[PDB]
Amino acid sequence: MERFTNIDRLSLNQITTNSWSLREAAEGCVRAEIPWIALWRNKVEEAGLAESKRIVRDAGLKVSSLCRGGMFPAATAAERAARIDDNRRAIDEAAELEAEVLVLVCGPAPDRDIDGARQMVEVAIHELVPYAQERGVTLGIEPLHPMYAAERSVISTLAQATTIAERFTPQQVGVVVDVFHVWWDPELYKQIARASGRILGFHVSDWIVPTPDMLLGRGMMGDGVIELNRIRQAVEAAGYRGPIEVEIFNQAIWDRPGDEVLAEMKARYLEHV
């Protein structure tokens, strides 16, 4: 169980420094010698597609993931069509931004019919896959924590996302493992091994006791209860050699100037992850 030697596999999700814009973020990651960055669609729209592309290409930055496509379930069918056209836009944004994986959180159920919303998710992805494969982008389903099933999206366990991804070849669809959303799982390592050759991303955070916020309760590594090194050795034995993003939703760490939190990021990425 030895530690990493470089930060070449490290990546920085924009939302761990939500205070910063995209070019402030890029400056911060080259200042901290961080090679990989994960871009958010709202910040890219803030800056501009071509402008953001220039920003992170003259920083010499590689793009791990673009967040986030999805939000498939809607109350009616024209709304679903608009949502999957927004997913096509997100696909194009990932294509010209050279993103490795387009992260998909799929959307919550509009009513109480949760299984119907899951079926909507599956048919929407099956549809979206040709337009994704045409432009060289791969879609990665990110299972969320079951406490987000009512609010943010409907895929709640890793087994479910792996089942959805198994219908398509790994080059078309894969899964995204975030330790915050699935560390609790009793069948954690079994499902991780089952999803091997199909893992497209790895995000790291920690589960804090006690939870401050439901939507903003993540923290940085080493302060919570998750056994990070074990999970990521499991995901590397699963054949995942890609970048490792750290994605933290926390107000207390967002208010802090980003240089502090990127120093702490690298230090405890080398110590724990």
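So that there is no doubt, residue numbering starts at 1 and follows the sequence shown.
In this entry, 130 to 138 has the higher mean Cα B-factor, the comparison being between 175 to 183 and 130 to 138.
Higher mean CA B-factor, judged across 240 to 248 and 54 to 62 from the recorded values: 54 to 62. Annotation for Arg41: CA B-factor lies in the middle third of the chain's modelled residues. Compared with the other modelled residues of the chain, the Cα B-factor recorded for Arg230 ranks in the lowest third. Ranked within its chain, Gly219 lands in the middle third, by CA B factor from the PDB record.
When the modelled residues of the chain are ordered by C-alpha B-factor, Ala263 sits in the highest third. Among the modelled residues of the chain, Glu93 sits in the lowest third by CA temperature factor in this PDB entry.
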